[PDB]
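For reference, the structure is listed below as structure tokens.
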Amino acid sequence: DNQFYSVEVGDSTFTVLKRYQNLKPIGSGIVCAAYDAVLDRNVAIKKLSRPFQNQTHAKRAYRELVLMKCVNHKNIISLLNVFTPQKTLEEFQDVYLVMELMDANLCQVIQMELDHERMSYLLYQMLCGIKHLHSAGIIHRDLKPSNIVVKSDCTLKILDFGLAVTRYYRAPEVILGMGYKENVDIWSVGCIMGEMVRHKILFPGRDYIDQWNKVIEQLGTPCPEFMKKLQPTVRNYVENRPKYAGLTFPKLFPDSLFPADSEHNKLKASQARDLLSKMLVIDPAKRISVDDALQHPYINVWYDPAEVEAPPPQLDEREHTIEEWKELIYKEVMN
Ligand SMILES: CO[C@H]1CC[C@H](C(=O)Nc2cc(-c3ccnc(Nc4ccc(F)cc4)c3)ccn2)CC1
């Protein structure tokens, strides 16, 4: 009459409530798909294994659990259930997060040919979500395809809340650590959009060094005044990098790559390029804001004041010993 049972999912041991049935490996913390017999709907279940095991695993977990439990928007994850099989703070090991299941992760979507209604819709949804987080002072700073999911009917959700390991989608200000505002997530959005057109990661980099080489090798060296905002040592590295005027957007995202047989298709293809050309701007002082990107004629066909302007959702990251976490996380799981 103990409510839990154990199975192997892919590899690891899942100990979940009896309600979740027919667990299937979909991800690897270690995520899987299940039928929730109570709700009668499909679900994704995520195993967090000893999440108090270090400051990295811990902060991420505590942040993402407080955060998950007060953000309420159709384009960010709606947590359906949190539970631990362990009975006592003494025996506590794992946390299981549960949300409803989508048909695709955004990496599979990037790999196909999107028409503009769809591509435009995803990017719209990404912005609505991003717009929600920003209104609770949450600046994500690490949007990536693997943490976005999608329904067959084209509805999109963002799974995570970002930086306090895929670095391709991180903004210039992140890569060189310089201080950001909300549109830092506009870089990342545009890197996703860019990849939807190109079906190639825009900036495939070994490290922050290799990545930066790849940004400028295409968009060009940032102008004088951007550099004048970098900390003396980083500014000095950046300044003695080989210069580049870099390709223009028609050259970066040619006509070859676009649906362009209908006149609609032709008209929209140039609207995407325009929008991309505004998102993928290195200097954040020159890069489009989340409110402008929604007034762009590519996106704005979807504009919905209910979606775009939703009511906004203690102060987080702080130092704790890997025992004080065990308890902090455990209290959050028991509510
Ligand atoms: C073979 O798999 C198919 C069927 C569906 C499949 C798919 O991945 N569907 C799908 C996957 C997730 C998912 C993926 C990776 N990580 C998390 N983390 C997570 C965070 C919080 C939380 F509460 C729960 C989990 C959730 C969510 C919804 N739907 C794509 C292809």
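By convention here, the chains of the structure tokens are called A, B, ... in the order presented, each chain's residues are numbered starting at 1, and ligands are numbered starting at 1 in the order presented.
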Residues of chain A at most 9 Å from ligand 1: nearest atom pair and distance in Å, only C-alpha atoms and all ligand atoms, as a tab-separated table:
residue	atom	partner	partner_atom_place_in_ligand_line	distance
A:24	CA	ligand 1	1 (C)	7.9
A:25	CA	ligand 1	1 (C)	7.1
A:26	CA	ligand 1	2 (O)	4.7
A:27	CA	ligand 1	15 (C)	5.7
A:28	CA	ligand 1	15 (C)	7.8
A:29	CA	ligand 1	16 (N)	7.7
A:30	CA	ligand 1	16 (N)	7.9
A:31	CA	ligand 1	16 (N)	5.7
A:32	CA	ligand 1	11 (C)	7.6
A:33	CA	ligand 1	5 (C)	7.0
A:42	CA	ligand 1	29 (N)	8.9
A:43	CA	ligand 1	28 (C)	6.9
A:44	CA	ligand 1	24 (C)	5.1
A:45	CA	ligand 1	24 (C)	4.8
A:46	CA	ligand 1	25 (C)	4.5
A:47	CA	ligand 1	25 (C)	8.2
A:64	CA	ligand 1	21 (C)	8.7
A:68	CA	ligand 1	21 (C)	8.3
A:77	CA	ligand 1	21 (C)	6.9
A:78	CA	ligand 1	23 (F)	7.4
A:79	CA	ligand 1	23 (F)	4.9
A:80	CA	ligand 1	23 (F)	6.8
A:81	CA	ligand 1	23 (F)	7.2
A:82	CA	ligand 1	23 (F)	7.6
A:96	CA	ligand 1	23 (F)	7.6
A:97	CA	ligand 1	23 (F)	4.0
A:98	CA	ligand 1	23 (F)	3.8
A:99	CA	ligand 1	23 (F)	4.2
A:100	CA	ligand 1	28 (C)	6.0
A:101	CA	ligand 1	29 (N)	3.8
A:102	CA	ligand 1	29 (N)	3.6
A:103	CA	ligand 1	5 (C)	4.3
A:104	CA	ligand 1	30 (C)	4.0
A:105	CA	ligand 1	8 (O)	5.2
A:106	CA	ligand 1	30 (C)	8.9
A:108	CA	ligand 1	30 (C)	8.0
A:146	CA	ligand 1	15 (C)	7.0
A:147	CA	ligand 1	15 (C)	6.4
A:148	CA	ligand 1	14 (C)	7.9
A:149	CA	ligand 1	28 (C)	5.8
A:150	CA	ligand 1	29 (N)	7.2
A:151	CA	ligand 1	29 (N)	8.1
A:157	CA	ligand 1	28 (C)	8.4
A:159	CA	ligand 1	20 (C)	5.6
A:160	CA	ligand 1	20 (C)	6.9
Expected file: the selected residues, N, CA and C atoms, as a tab-separated table (two decimals), in the first residue's frame:
chain	number	residue	atom	x	y	z
A	24	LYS	N	8.77	5.29	-20.59
A	24	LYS	CA	9.55	5.12	-21.83
A	24	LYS	C	10.71	6.12	-21.84
A	25	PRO	N	11.94	5.69	-22.23
A	25	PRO	CA	13.08	6.63	-22.25
A	25	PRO	C	13.00	7.63	-23.40
A	26	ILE	N	13.02	8.92	-23.07
A	26	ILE	CA	13.00	9.97	-24.09
A	26	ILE	C	14.18	10.92	-23.97
A	27	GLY	N	14.75	11.02	-22.76
A	27	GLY	CA	15.86	11.96	-22.48
A	27	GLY	C	16.92	11.55	-21.44
A	28	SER	N	18.12	12.15	-21.57
A	28	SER	CA	19.28	11.97	-20.65
A	28	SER	C	20.43	12.93	-21.00
A	29	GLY	N	18.50	15.99	-16.30
A	29	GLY	CA	18.89	14.66	-15.82
A	29	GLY	C	18.43	13.53	-16.75
A	30	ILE	N	17.74	12.55	-16.16
A	30	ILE	CA	17.14	11.47	-16.93
A	30	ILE	C	15.63	11.70	-16.96
A	31	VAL	N	15.10	11.96	-18.16
A	31	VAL	CA	13.69	12.27	-18.40
A	31	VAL	C	13.02	11.08	-19.05
A	32	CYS	N	11.76	10.83	-18.69
A	32	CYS	CA	10.92	9.92	-19.50
A	32	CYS	C	9.42	10.21	-19.65
A	33	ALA	N	8.83	9.53	-20.62
A	33	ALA	CA	7.43	9.65	-20.98
A	33	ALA	C	6.61	8.64	-20.21
A	42	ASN	N	-0.92	12.13	-21.16
A	42	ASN	CA	0.51	11.84	-21.21
A	42	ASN	C	1.37	12.89	-20.54
A	43	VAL	N	2.50	12.41	-20.01
A	43	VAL	CA	3.38	13.22	-19.16
A	43	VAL	C	4.85	12.96	-19.40
A	44	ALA	N	5.66	13.98	-19.13
A	44	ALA	CA	7.12	13.84	-19.05
A	44	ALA	C	7.52	13.86	-17.60
A	45	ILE	N	8.36	12.90	-17.23
A	45	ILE	CA	8.83	12.79	-15.87
A	45	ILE	C	10.35	12.91	-15.83
A	46	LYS	N	10.85	13.81	-14.98
A	46	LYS	CA	12.27	14.08	-14.88
A	46	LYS	C	12.81	13.66	-13.52
A	47	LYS	N	13.81	12.77	-13.55
A	47	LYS	CA	14.53	12.36	-12.35
A	47	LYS	C	15.70	13.31	-12.04
A	64	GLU	N	14.90	26.39	-10.04
A	64	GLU	CA	13.93	25.91	-11.02
A	64	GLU	C	12.67	25.34	-10.42
A	68	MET	N	9.45	27.29	-11.06
A	68	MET	CA	8.39	26.54	-11.74
A	68	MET	C	7.06	26.72	-11.06
A	77	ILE	N	6.88	26.12	-19.01
A	77	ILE	CA	6.44	24.84	-18.43
A	77	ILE	C	5.45	25.05	-17.27
A	78	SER	N	4.33	24.30	-17.30
A	78	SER	CA	3.43	24.12	-16.15
A	78	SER	C	3.74	22.80	-15.44
A	79	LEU	N	4.47	22.87	-14.32
A	79	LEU	CA	4.71	21.73	-13.43
A	79	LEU	C	3.40	21.12	-12.94
A	80	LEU	N	3.21	19.82	-13.16
A	80	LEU	CA	1.94	19.16	-12.76
A	80	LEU	C	2.04	18.43	-11.42
A	81	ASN	N	3.26	18.17	-10.98
A	81	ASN	CA	3.51	17.31	-9.82
A	81	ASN	C	5.01	17.26	-9.52
A	82	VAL	N	5.30	17.29	-8.22
A	82	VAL	CA	6.62	17.16	-7.66
A	82	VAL	C	6.50	16.08	-6.58
A	96	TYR	N	11.41	14.04	-8.34
A	96	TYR	CA	10.76	13.82	-9.64
A	96	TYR	C	9.82	14.97	-10.00
A	97	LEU	N	10.18	15.67	-11.07
A	97	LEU	CA	9.30	16.66	-11.65
A	97	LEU	C	8.50	16.04	-12.79
A	98	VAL	N	7.25	16.45	-12.88
A	98	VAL	CA	6.30	15.90	-13.84
A	98	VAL	C	5.58	17.05	-14.51
A	99	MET	N	5.54	17.05	-15.84
A	99	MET	CA	4.71	18.01	-16.60
A	99	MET	C	4.04	17.20	-17.70
A	100	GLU	N	3.07	17.79	-18.42
A	100	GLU	CA	2.43	17.13	-19.59
A	100	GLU	C	3.35	16.98	-20.80
A	101	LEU	N	3.07	15.99	-21.63
A	101	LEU	CA	4.00	15.61	-22.70
A	101	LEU	C	3.68	16.30	-24.02
A	102	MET	N	4.73	16.73	-24.70
A	102	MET	CA	4.64	17.25	-26.06
A	102	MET	C	5.26	16.23	-27.04
A	103	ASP	N	4.98	16.44	-28.32
A	103	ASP	CA	5.28	15.49	-29.37
A	103	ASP	C	6.72	15.57	-29.87
A	104	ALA	N	7.38	16.73	-29.66
A	104	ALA	CA	8.69	17.00	-30.27
A	104	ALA	C	9.53	17.94	-29.41
A	105	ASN	N	10.85	17.75	-29.43
A	105	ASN	CA	11.73	18.77	-28.88
A	105	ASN	C	12.21	19.63	-30.04
A	106	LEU	N	12.67	20.85	-29.75
A	106	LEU	CA	12.82	21.86	-30.78
A	106	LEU	C	14.01	21.61	-31.72
A	108	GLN	N	14.37	18.65	-33.20
A	108	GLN	CA	13.78	17.82	-34.27
A	108	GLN	C	13.08	18.72	-35.23
A	146	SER	N	17.18	22.37	-27.29
A	146	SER	CA	16.94	21.18	-26.46
A	146	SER	C	16.03	21.44	-25.22
A	147	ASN	N	15.89	22.69	-24.79
A	147	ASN	CA	15.00	23.06	-23.65
A	147	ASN	C	13.71	23.74	-24.08
A	148	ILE	N	13.38	23.64	-25.36
A	148	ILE	CA	12.06	24.02	-25.84
A	148	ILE	C	11.36	22.77	-26.38
A	149	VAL	N	10.08	22.62	-26.07
A	149	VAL	CA	9.31	21.48	-26.58
A	149	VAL	C	8.10	21.93	-27.40
A	150	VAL	N	7.55	21.03	-28.22
A	150	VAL	CA	6.47	21.44	-29.14
A	150	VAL	C	5.37	20.39	-29.44
A	151	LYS	N	4.11	20.85	-29.44
A	151	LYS	CA	2.95	19.99	-29.74
A	151	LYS	C	2.66	19.91	-31.23
A	157	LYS	N	6.56	25.33	-25.69
A	157	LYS	CA	6.88	25.69	-24.29
A	157	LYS	C	8.36	25.74	-24.04
A	159	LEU	N	11.27	25.00	-21.28
A	159	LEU	CA	11.39	24.09	-20.14
A	159	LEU	C	12.16	24.65	-18.93
A	160	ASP	N	13.19	25.45	-19.19
A	160	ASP	CA	14.08	25.86	-18.12
A	160	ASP	C	14.12	27.38	-17.96
Note to self: I want to know what sits within 10 Å of residue 85 in chain A, based on only C-alpha atoms, with residues of the same chain fewer than 3 positions away left out; could you give that as a VMD selection string?
What the structure shows: chain A and resid 2 to 5 14 to 17 88 91 to 96
Take the residues just selected and output them with N, CA, C and O atoms as a PDB file, in the first residue's frame.
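What landed in part33.pdb:
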ATOM      1  N   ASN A   2       2.185   1.112  -0.005  1.00  0.00           N
ATOM      2  CA  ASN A   2       3.140   2.185  -0.320  1.00  0.00           C
ATOM      3  C   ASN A   2       2.927   2.614  -1.785  1.00  0.00           C
ATOM      4  O   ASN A   2       2.869   1.779  -2.701  1.00  0.00           O
ATOM      5  N   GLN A   3       2.791   3.922  -1.975  1.00  0.00           N
ATOM      6  CA  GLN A   3       2.297   4.504  -3.226  1.00  0.00           C
ATOM      7  C   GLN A   3       3.224   4.415  -4.463  1.00  0.00           C
ATOM      8  O   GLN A   3       2.806   4.746  -5.574  1.00  0.00           O
ATOM      9  N   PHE A   4       4.467   3.981  -4.267  1.00  0.00           N
ATOM     10  CA  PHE A   4       5.501   4.041  -5.309  1.00  0.00           C
ATOM     11  C   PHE A   4       5.832   2.652  -5.911  1.00  0.00           C
ATOM     12  O   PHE A   4       5.511   1.618  -5.330  1.00  0.00           O
ATOM     13  N   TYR A   5       6.446   2.625  -7.088  1.00  0.00           N
ATOM     14  CA  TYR A   5       7.062   1.389  -7.588  1.00  0.00           C
ATOM     15  C   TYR A   5       8.344   1.691  -8.352  1.00  0.00           C
ATOM     16  O   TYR A   5       8.614   2.844  -8.662  1.00  0.00           O
ATOM     17  N   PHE A  14      13.945   4.533 -11.946  1.00  0.00           N
ATOM     18  CA  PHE A  14      12.814   5.394 -11.673  1.00  0.00           C
ATOM     19  C   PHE A  14      11.915   4.747 -10.623  1.00  0.00           C
ATOM     20  O   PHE A  14      11.446   3.616 -10.810  1.00  0.00           O
ATOM     21  N   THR A  15      11.690   5.472  -9.524  1.00  0.00           N
ATOM     22  CA  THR A  15      10.751   5.074  -8.471  1.00  0.00           C
ATOM     23  C   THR A  15       9.643   6.106  -8.402  1.00  0.00           C
ATOM     24  O   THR A  15       9.796   7.156  -7.754  1.00  0.00           O
ATOM     25  N   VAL A  16       8.528   5.808  -9.065  1.00  0.00           N
ATOM     26  CA  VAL A  16       7.475   6.810  -9.249  1.00  0.00           C
ATOM     27  C   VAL A  16       6.136   6.377  -8.641  1.00  0.00           C
ATOM     28  O   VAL A  16       5.958   5.188  -8.356  1.00  0.00           O
ATOM     29  N   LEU A  17       5.215   7.326  -8.422  1.00  0.00           N
ATOM     30  CA  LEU A  17       3.871   6.994  -7.912  1.00  0.00           C
ATOM     31  C   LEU A  17       3.219   5.954  -8.829  1.00  0.00           C
ATOM     32  O   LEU A  17       3.562   5.864 -10.010  1.00  0.00           O
ATOM     33  N   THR A  88      11.644  10.615   4.546  1.00  0.00           N
ATOM     34  CA  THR A  88      12.172  11.499   5.590  1.00  0.00           C
ATOM     35  C   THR A  88      13.302  12.351   5.032  1.00  0.00           C
ATOM     36  O   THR A  88      13.983  11.937   4.070  1.00  0.00           O
ATOM     37  N   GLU A  91      16.497  10.215   4.733  1.00  0.00           N
ATOM     38  CA  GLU A  91      16.635   9.288   3.609  1.00  0.00           C
ATOM     39  C   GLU A  91      16.534   9.925   2.229  1.00  0.00           C
ATOM     40  O   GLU A  91      16.775   9.251   1.230  1.00  0.00           O
ATOM     41  N   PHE A  92      16.172  11.210   2.187  1.00  0.00           N
ATOM     42  CA  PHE A  92      15.924  11.968   0.938  1.00  0.00           C
ATOM     43  C   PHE A  92      17.066  11.893  -0.094  1.00  0.00           C
ATOM     44  O   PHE A  92      18.233  12.161   0.216  1.00  0.00           O
ATOM     45  N   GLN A  93      16.727  11.502  -1.316  1.00  0.00           N
ATOM     46  CA  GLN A  93      17.708  11.445  -2.406  1.00  0.00           C
ATOM     47  C   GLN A  93      17.192  12.171  -3.655  1.00  0.00           C
ATOM     48  O   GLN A  93      17.814  13.129  -4.123  1.00  0.00           O
ATOM     49  N   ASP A  94      16.048  11.725  -4.182  1.00  0.00           N
ATOM     50  CA  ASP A  94      15.637  12.159  -5.499  1.00  0.00           C
ATOM     51  C   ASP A  94      14.364  12.970  -5.514  1.00  0.00           C
ATOM     52  O   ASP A  94      13.471  12.789  -4.688  1.00  0.00           O
ATOM     53  N   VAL A  95      14.325  13.893  -6.468  1.00  0.00           N
ATOM     54  CA  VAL A  95      13.150  14.673  -6.786  1.00  0.00           C
ATOM     55  C   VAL A  95      12.713  14.330  -8.208  1.00  0.00           C
ATOM     56  O   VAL A  95      13.536  14.290  -9.139  1.00  0.00           O
ATOM     57  N   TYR A  96      11.414  14.041  -8.345  1.00  0.00           N
ATOM     58  CA  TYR A  96      10.760  13.816  -9.640  1.00  0.00           C
ATOM     59  C   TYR A  96       9.818  14.973  -9.998  1.00  0.00           C
ATOM     60  O   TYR A  96       8.830  15.245  -9.295  1.00  0.00           O
TER      61      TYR A  96
END
Margin query: Which residues are near range 37-39 of chain A? Cut-off 9 Å, only C-alpha atoms, ignore same chain within fewer than 3 positions. Put them as a list in words.
Written below: residues 18, 19, 20, 21 and 42 of chain A
How about saving the chosen residues, C-alpha atoms kept, as a PDB file, in the first residue's frame?
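again31.pdb was written with the following content:
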ATOM      1  CA  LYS A  18       1.608   4.160  -9.107  1.00  0.00           C
ATOM      2  CA  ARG A  19      -0.441   6.655 -11.229  1.00  0.00           C
ATOM      3  CA  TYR A  20       2.389   7.061 -13.810  1.00  0.00           C
ATOM      4  CA  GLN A  21       2.503   3.967 -15.966  1.00  0.00           C
ATOM      5  CA  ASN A  42       0.509  11.838 -21.213  1.00  0.00           C
TER       6      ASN A  42
END
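Residues in contact with residue 212 in chain A at up to 9 Å, not including ones fewer than 5 positions away on its chain and judged by only C-alpha atoms, are residues 172, 175, 176, 203, 205, 207, 217 and 238 of chain A.
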Check: Mind pulling up the distance from CA of residue 83 in chain A to CA of residue 6 in chain A?
Finding: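 Value for the CA of residue 6 in chain A-CA of residue 83 in chain A distance: 14.2 Å.
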Next item on the list: Skip range 295-299 of chain A itself and residues of its chain fewer than 6 positions away, then list as a list in words all residues within 9 Å of it, counting only C-alpha atoms.
Entry: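 Listed by chain and then number, they are residues 116, 117, 120, 121, 123, 124, 268, 271, 272 and 275 of chain A.
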Next item on the list: In Å, rounded to a single decimal, give me how far CA of residue 174 in chain A is from CA of residue 126 in chain A.
Entry: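 These two atoms are separated by 19.4 Å.
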Check: In Å, how far is it from CA of residue 276 in chain A to CA of residue 193 in chain A?
Finding: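 Separating CA of residue 276 in chain A from CA of residue 193 in chain A is a distance of 7.3 Å.
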Next item on the list: Mind checking which residues fall within 10 Å of residue 241 in chain A, counting only C-alpha atoms, ignoring those fewer than 6 positions away in the same chain, and posting them as a list in words?
Entry: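 After dropping sequence-adjacent residues, the list is residues 212, 213, 216 and 221 of chain A.
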Note to self: Please identify the strand (DSSP E or B) residues within range 87-293 of chain A (assignment by DSSP from backbone atoms) and present them as a PyMOL selection string.
What the structure shows: chain A and resi 95-100+104-105+148-150+156-158
Those same residues, written as an mmCIF file, in the first residue's frame with N, CA and C atoms?
data_model
loop_
_atom_site.group_PDB
_atom_site.id
_atom_site.type_symbol
_atom_site.label_atom_id
_atom_site.label_comp_id
_atom_site.auth_asym_id
_atom_site.auth_seq_id
_atom_site.Cartn_x
_atom_site.Cartn_y
_atom_site.Cartn_z
ATOM 1 N N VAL A 95 14.325 13.893 -6.468
ATOM 2 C CA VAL A 95 13.150 14.673 -6.786
ATOM 3 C C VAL A 95 12.713 14.330 -8.208
ATOM 4 N N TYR A 96 11.414 14.041 -8.345
ATOM 5 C CA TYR A 96 10.760 13.816 -9.640
ATOM 6 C C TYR A 96 9.818 14.973 -9.998
ATOM 7 N N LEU A 97 10.176 15.674 -11.070
ATOM 8 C CA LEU A 97 9.297 16.665 -11.653
ATOM 9 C C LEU A 97 8.504 16.045 -12.792
ATOM 10 N N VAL A 98 7.246 16.452 -12.882
ATOM 11 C CA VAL A 98 6.302 15.899 -13.838
ATOM 12 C C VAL A 98 5.584 17.051 -14.514
ATOM 13 N N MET A 99 5.540 17.049 -15.842
ATOM 14 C CA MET A 99 4.709 18.005 -16.603
ATOM 15 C C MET A 99 4.040 17.200 -17.704
ATOM 16 N N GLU A 100 3.073 17.786 -18.417
ATOM 17 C CA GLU A 100 2.428 17.133 -19.595
ATOM 18 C C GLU A 100 3.347 16.982 -20.797
ATOM 19 N N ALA A 104 7.380 16.725 -29.663
ATOM 20 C CA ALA A 104 8.695 17.004 -30.268
ATOM 21 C C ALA A 104 9.531 17.936 -29.413
ATOM 22 N N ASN A 105 10.847 17.748 -29.434
ATOM 23 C CA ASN A 105 11.731 18.767 -28.880
ATOM 24 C C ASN A 105 12.214 19.634 -30.042
ATOM 25 N N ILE A 148 13.377 23.638 -25.358
ATOM 26 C CA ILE A 148 12.058 24.020 -25.844
ATOM 27 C C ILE A 148 11.359 22.773 -26.376
ATOM 28 N N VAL A 149 10.079 22.625 -26.071
ATOM 29 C CA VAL A 149 9.310 21.479 -26.583
ATOM 30 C C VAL A 149 8.103 21.929 -27.399
ATOM 31 N N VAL A 150 7.554 21.033 -28.223
ATOM 32 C CA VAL A 150 6.474 21.440 -29.138
ATOM 33 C C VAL A 150 5.371 20.395 -29.438
ATOM 34 N N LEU A 156 4.187 25.828 -28.355
ATOM 35 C CA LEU A 156 5.561 25.754 -27.879
ATOM 36 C C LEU A 156 5.661 26.033 -26.387
ATOM 37 N N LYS A 157 6.565 25.334 -25.687
ATOM 38 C CA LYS A 157 6.880 25.687 -24.286
ATOM 39 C C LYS A 157 8.358 25.736 -24.035
ATOM 40 N N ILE A 158 8.775 26.616 -23.130
ATOM 41 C CA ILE A 158 10.166 26.677 -22.669
ATOM 42 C C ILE A 158 10.282 25.881 -21.361
#
Note to self: Considering only C-alpha atoms, can you say which of A:69, A:243, A:7, A:128 comes closest to residue 303 in chain A?
What the structure shows: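 Of the candidates, the smallest distance to residue 303 in chain A is held by A:128.
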Margin query: So that I can check the secondary structure, give me every residue of range 46-138 of chain A assigned helix (DSSP H, G or I) by backbone DSSP, as a PyMOL selection string.
Written below: chain A and resi 55-68+106-109+116-134
Margin query: Can you tell me which residues surround range 309-322 of chain A at a distance of at most 10 Å, considering only C-alpha atoms, apart from same-chain residues fewer than 6 positions away, and format the answer as a VMD selection string?
Written below: chain A and resid 51 to 55 57 to 60 62 to 63 66 to 67 69 to 73 128 to 129 131 to 138 164 328
Would you output that residue set with N, CA, C and O atoms, as a compact mmCIF listing (two decimals), in the first residue's frame?
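Below is the file that was written, again21.txt:
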# COMPACT_ATOMS: atom_id res chain seq x y z
N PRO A 51 20.13 15.99 -5.90
CA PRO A 51 20.34 17.33 -6.45
C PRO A 51 21.05 18.27 -5.47
O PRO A 51 21.46 19.38 -5.86
N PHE A 52 21.21 17.84 -4.23
CA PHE A 52 21.93 18.61 -3.24
C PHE A 52 23.40 18.24 -3.26
O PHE A 52 24.16 18.71 -2.40
N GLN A 53 23.80 17.43 -4.24
CA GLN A 53 25.13 16.81 -4.28
C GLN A 53 26.27 17.79 -4.55
O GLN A 53 27.45 17.40 -4.40
N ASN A 54 25.91 19.01 -4.99
CA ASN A 54 26.82 20.19 -5.13
C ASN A 54 26.15 21.53 -5.47
O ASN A 54 25.07 21.59 -6.04
N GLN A 55 26.83 22.61 -5.11
CA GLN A 55 26.36 23.96 -5.38
C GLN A 55 25.75 24.20 -6.79
O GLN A 55 24.82 25.00 -6.95
N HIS A 57 24.34 21.66 -9.03
CA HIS A 57 23.12 20.88 -9.11
C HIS A 57 22.07 21.52 -8.20
O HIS A 57 20.93 21.69 -8.63
N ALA A 58 22.48 21.89 -6.98
CA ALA A 58 21.61 22.51 -5.96
C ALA A 58 20.92 23.83 -6.33
O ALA A 58 19.71 23.90 -6.30
N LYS A 59 21.69 24.87 -6.67
CA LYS A 59 21.12 26.19 -7.04
C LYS A 59 20.16 26.05 -8.21
O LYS A 59 19.02 26.54 -8.14
N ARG A 60 20.62 25.40 -9.29
CA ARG A 60 19.78 25.08 -10.44
C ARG A 60 18.45 24.44 -10.02
O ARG A 60 17.40 24.84 -10.48
N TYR A 62 16.94 24.34 -6.87
CA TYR A 62 16.13 25.18 -6.01
C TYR A 62 15.51 26.34 -6.79
O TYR A 62 14.33 26.63 -6.63
N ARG A 63 16.33 26.99 -7.61
CA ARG A 63 15.85 28.04 -8.50
C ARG A 63 14.71 27.53 -9.38
O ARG A 63 13.65 28.14 -9.41
N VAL A 66 11.24 26.80 -7.32
CA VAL A 66 10.53 27.94 -6.80
C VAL A 66 9.91 28.53 -8.04
O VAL A 66 8.68 28.57 -8.19
N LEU A 67 10.79 28.90 -8.97
CA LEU A 67 10.39 29.40 -10.26
C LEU A 67 9.30 28.60 -10.94
O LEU A 67 8.31 29.19 -11.37
N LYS A 69 7.07 26.79 -9.72
CA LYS A 69 5.84 26.83 -8.92
C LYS A 69 5.16 28.21 -8.79
O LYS A 69 4.16 28.35 -8.09
N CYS A 70 5.67 29.24 -9.46
CA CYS A 70 4.95 30.52 -9.48
C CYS A 70 4.80 31.21 -10.84
O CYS A 70 4.12 32.23 -10.95
N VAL A 71 5.41 30.64 -11.88
CA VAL A 71 5.23 31.10 -13.25
C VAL A 71 4.04 30.40 -13.87
O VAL A 71 3.96 29.16 -13.88
N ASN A 72 3.11 31.19 -14.41
CA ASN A 72 1.92 30.59 -14.97
C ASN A 72 1.49 31.14 -16.33
O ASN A 72 0.66 32.06 -16.43
N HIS A 73 2.06 30.55 -17.38
CA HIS A 73 1.95 31.05 -18.75
C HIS A 73 1.99 29.86 -19.71
O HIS A 73 2.71 28.90 -19.45
N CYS A 128 6.72 35.48 -26.37
CA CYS A 128 5.70 35.60 -25.33
C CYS A 128 6.24 35.06 -24.01
O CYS A 128 6.18 35.74 -22.96
N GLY A 129 6.78 33.84 -24.08
CA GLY A 129 7.42 33.18 -22.94
C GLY A 129 8.53 34.01 -22.35
O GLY A 129 8.46 34.45 -21.19
N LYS A 131 8.92 37.01 -22.74
CA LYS A 131 8.34 38.26 -22.25
C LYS A 131 7.78 38.08 -20.84
O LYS A 131 7.89 39.01 -20.01
N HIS A 132 7.23 36.89 -20.55
CA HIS A 132 6.71 36.55 -19.20
C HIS A 132 7.83 36.57 -18.15
O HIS A 132 7.77 37.36 -17.19
N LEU A 133 8.84 35.73 -18.36
CA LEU A 133 9.99 35.66 -17.46
C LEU A 133 10.53 37.07 -17.16
O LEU A 133 10.67 37.45 -15.98
N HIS A 134 10.78 37.86 -18.20
CA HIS A 134 11.34 39.22 -18.01
C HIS A 134 10.54 40.11 -17.08
O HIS A 134 11.15 40.94 -16.38
N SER A 135 9.22 39.92 -17.05
CA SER A 135 8.29 40.71 -16.18
C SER A 135 8.27 40.28 -14.71
O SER A 135 7.55 40.87 -13.90
N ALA A 136 9.00 39.22 -14.39
CA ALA A 136 9.20 38.82 -13.01
C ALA A 136 10.68 39.01 -12.72
O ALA A 136 11.27 38.31 -11.91
N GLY A 137 11.29 39.97 -13.40
CA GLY A 137 12.73 40.14 -13.35
C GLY A 137 13.54 38.90 -13.71
O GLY A 137 14.68 38.80 -13.31
N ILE A 138 12.98 37.94 -14.45
CA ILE A 138 13.81 36.78 -14.83
C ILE A 138 14.43 36.97 -16.21
O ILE A 138 13.72 36.97 -17.22
N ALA A 164 21.95 30.31 -13.74
CA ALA A 164 21.73 30.70 -12.32
C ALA A 164 20.90 32.00 -12.04
O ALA A 164 21.23 33.13 -12.49
N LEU A 328 16.66 22.64 2.20
CA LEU A 328 15.96 23.67 1.44
C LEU A 328 15.13 23.08 0.29
O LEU A 328 13.94 23.38 0.15
Notebook entry, point to check: Which residue, A:9, A:294, A:301, A:252, has the smallest gap to residue 198 in chain A when you use only C-alpha atoms?
Noted result: A:252
Check: For residue 290 in chain A, which of A:246, A:232, A:190, A:220 is the closest residue, counting only C-alpha atoms?
Finding: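 Of the candidates, the smallest distance to residue 290 in chain A is held by A:190.
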